[PDB]
Structures are given as C-alpha cells and as structure tokens.
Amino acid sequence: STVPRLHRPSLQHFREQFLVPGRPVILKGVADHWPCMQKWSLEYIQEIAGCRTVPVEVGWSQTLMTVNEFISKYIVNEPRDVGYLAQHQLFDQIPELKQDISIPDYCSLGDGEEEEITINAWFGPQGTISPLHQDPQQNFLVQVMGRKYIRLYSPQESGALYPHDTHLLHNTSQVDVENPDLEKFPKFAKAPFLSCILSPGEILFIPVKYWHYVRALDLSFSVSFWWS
C-alpha cells in the first residue's frame, strides 16, 4: 500500500498511531517552509560549502573530495559514474547550514536527548540507491530537493529479506529490491510492503528497525534525523 500522508498531526496522534506501534507516515505542513526548501540551490550549496571536504560513495568505494568537486564530477554536465554524498554530518561541519533546518517537534516524544540526535545529509544525482537496510533508531527523513522512491518492509518481514550473515552487514538485505533474484530469494516475492514517492517539503517517519530502500528520481538532497 501507500504510506499515509497527514498534515501536522498532533504530538499525541503521532505518538499513539505511529510512534508507539511503529507505523510509517509522511508528515506534511511541517518542514515545507524551512529555509532550506527555498535557499538550497546548487549555487547556494557551492557558496556555503564548496571548499569543504566530504565523503563520497562511488559506484563500490569511499573517497574524499570538496563539495565543489563532487558537484562538478557527479552532478553537473555528464557524470561517468554514480557518486553520492551519503550519511554525512554536514551540519556539524558547517553550522551556518544548520540555520536552514530545525529539529522536528515530534522528536521530543522520544527517550533520548536532543544533543544526541544525528543529522545526516544525503546529496546526490538522480539514480542513487541505498539498498534495503534497517537502522537502530527512529528516523525523520526530510526531502529538500528532488524526489525519492522509497520501499518499506516491516521488521516482522525480516525472514523474507535474507539479511547478510556477517554481524557487520546483518542490518542489510541480500536482495536487490527492484530486481530481486527470486530463484535465490523466493520468500521476497510475497513479502508485503509500503511505498511512496517522497517530494520536497515532506517528512517520512521511518520507525526504528523498519527496513527501507531508497532511489533518487531526480537530483536530490535529503536530511535525516536519527533519534530515540
């Protein structure tokens, strides 16, 4: 089915119908007027961040380059390979940018301290893919630029997702969601799921341990908040 979209639900409604039972939802009307939504053009990103070093996932390999280099080589003109400025705490590195986002009020329903929320940037061209995996905290994934196709499988379906057997990769599925090898992974075909296209100004709540797969449909910038 499709992930439900709710306009500014109350704290109590979010807590009781989504957070506690662990059900995904898209929050509308919450981040849609954060400054980032209008300010973060490529040129703005170059002006504020261009000379800073960032980690870039290529393909598979992990490298380092400036933001200006990342934009030149992997975004504009005609890139040779897929590169993704993924899972990077850009807002700790560049506090000016932190002024363009906010901590969602819903995070205060958690048990953790605000100081310990991890804020990551996800900036890349059309076609970046984060394979199906699960994380150990709650997440608000805020879409700023472009759209993402997202598939969500409940932790109750873990047996059908064939996690990798190493402790290191045990949080990641062996299956390629959009082209699954059903000869090797036959249980995957019948596993139920939710999906959405997440658009600018929308927030996706990914419950703790919910399996998620993400493909960028356009040049994309997302900001995740990992919280408890």
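For every residue, the number given is its place in the sequence shown, counted from 1. C-alpha atoms forming the largest set that superposes within 1.5 Å between two forms make up the rigid core.
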*Taking the root mean square of C-alpha distances over all structures and residues in 5 other deposited structures of this protein, with a rigid core superposition, name the larger of 101-109 and 71-79.*
71-79
*Indicate whether the chain is continuous between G59 and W60 or, if not, how many deposited residues are absent from the coordinates: none, 1 to 3, 4 to 9, or 10 or more.*
4 to 9
*State which stretch shows the higher mean Cα B factor in the entry: 76-84 or 149-157.*
76-84
_Tell me which stretch has the larger mean Cα B-factor in this entry, 164-172 or 183-191._
164-172
*asked:* In terms of recorded Cα temperature factor, pick the maximum from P131, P136, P95, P125.
replied: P95
*From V208, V25, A216, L11, pick the one with the largest CA B-factor in the entry?*
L11
*Which third of the chain holds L64 when residues are ordered by C-alpha B factor: lowest, middle or highest?*
middle
*Taking the C-alpha B-factors as the PDB entry records them, is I203 in the lowest, middle or highest third of its chain?*
lowest
_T2 - Cα temperature factor, lowest/middle/highest third of chain_ = highest
*Within this chain's modelled residues, let me know which third the CA B factor of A121 belongs to: lowest, middle or highest.*
lowest
_Record-listed C-alpha B factor of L141: chain third_ = lowest
